[PDB]
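Student: Dropping a structure here in structure tokens format, bear with me for questions.
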Amino acid sequence: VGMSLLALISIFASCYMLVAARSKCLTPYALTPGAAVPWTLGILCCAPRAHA
Amino acid sequence: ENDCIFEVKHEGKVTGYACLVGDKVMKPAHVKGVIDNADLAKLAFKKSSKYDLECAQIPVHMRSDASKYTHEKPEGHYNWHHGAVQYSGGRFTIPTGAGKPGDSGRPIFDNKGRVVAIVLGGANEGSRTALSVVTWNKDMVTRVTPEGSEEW
Amino acid sequence: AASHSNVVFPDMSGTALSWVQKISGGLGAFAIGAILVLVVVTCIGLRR
């Protein structure tokens, strides 16, 4: 139980860090009028599908 | 420029038009029908679902009746068969109503007289309906669809 | 009478199923390469 709990906390913390990184890199591009979102970051991170 | 836009017929009535640009006959793919010109109707046309543009190569004889094209799209005022259109901020805007569903092929010209766009649809909004259009960037053809645009 | 239980299916690393392994491995590697190249192209198209 303890090992599995630690594994879950590790997985969840890592995944949260990943999604936080997703935010910290993509939110600078969602608050701009022009949704460029260059396909490099568009592929590397799942792109919000900006709607021209 | 009357002999450069050819209408597409469905059971006796024009349901859109197929434009003749740049050594390519092109049409809004989603509209159904047959080219009115029989000589051009018997050509094979490569469709593309994700771009809604069905095109083919114009026969060598009638290349002359084809309009000139451009890719450089400065901010400003462009032409249309229904009055004028405005290009601003990566969108095309028309007076609402100017666009009727069913004239969904006709082109958008520029001040110098060369095709810059091919309308497909309208996204109705306020006094200025946005035009969902398939443009040609310098080497790609790109769809610009505002939300809720309805296929003309 | 036979003095062996009549079990005949070769075990892996015998030349026969090793040949089957190598054919399947190479073909499936080429297939997963096709899958990968499709994914790459279609993702690029999704973003382009």
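Numbers run from 1 along the shown chain.
Quick check of the header: electron microscopy, 3.7 Å.
Cβ coordinates come from backbone N, Cα and C, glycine included.
Feature table excerpt (Swiss-Prot):
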DOMAIN    B:4-152  domain 'Peptidase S3'
DISULFID  B:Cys4-B:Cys19  disulfide bond
ACT_SITE  B:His30  active site, charge relay system
MOTIF     B:35-45  motif 'Nuclear export signal'
REGION    B:46-51  region 'Interaction with spike glycoprotein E2'
ACT_SITE  B:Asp52  active site, charge relay system
REGION    B:74-84  region 'Dimerization of the capsid protein'
SITE      B:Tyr78  site 'Involved in dimerization of the capsid protein'
ACT_SITE  B:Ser104  active site, charge relay system
REGION    B:110-114  region 'Dimerization of the capsid protein'
SITE      B:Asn111  site 'Involved in dimerization of the capsid protein'
Student: List only the single closest residue to B:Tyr78 (site 'Involved in dimerization of the capsid protein'), chosen from the recorded positions B:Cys19, B:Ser104, B:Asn111 by CA-CA distance.
Tutor: B:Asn111
Student: Give me the count of other Cβ atoms within 10 A of the Cβ belonging to B:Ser104 (active site, charge relay system).
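Tutor: Summing over all protein chains shown, B:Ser104 (active site, charge relay system) has 24 other Cβ atoms within 10 Å.
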Student: Which of the recorded positions listed here (B:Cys4, B:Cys19, B:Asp52, B:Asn111) have a Cα atom within 10 Å of the Cα of B:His30 (active site, charge relay system)?
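Tutor: B:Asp52, listed in sequence order.
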Student: Around the C-beta of B:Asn111 (site 'Involved in dimerization of the capsid protein'), how many further C-beta atoms are within 10 angstroms, looking at every protein chain?
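Tutor: Result for B:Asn111 (site 'Involved in dimerization of the capsid protein'): 11 other Cβ atoms within 10 Å.
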Student: Can you tell me the CA-to-CA distance separating B:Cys4 (disulfide bond) and B:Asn111 (site 'Involved in dimerization of the capsid protein'), as a whole number of Å?
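Tutor: Cα-Cα, rounded: 17 Å.
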Student: Highest Cβ count within 10 Å among the disulfide-bonded residues B:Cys4, B:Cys19: which residue is it?
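Tutor: Answer returned by the neighbour count: B:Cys19.
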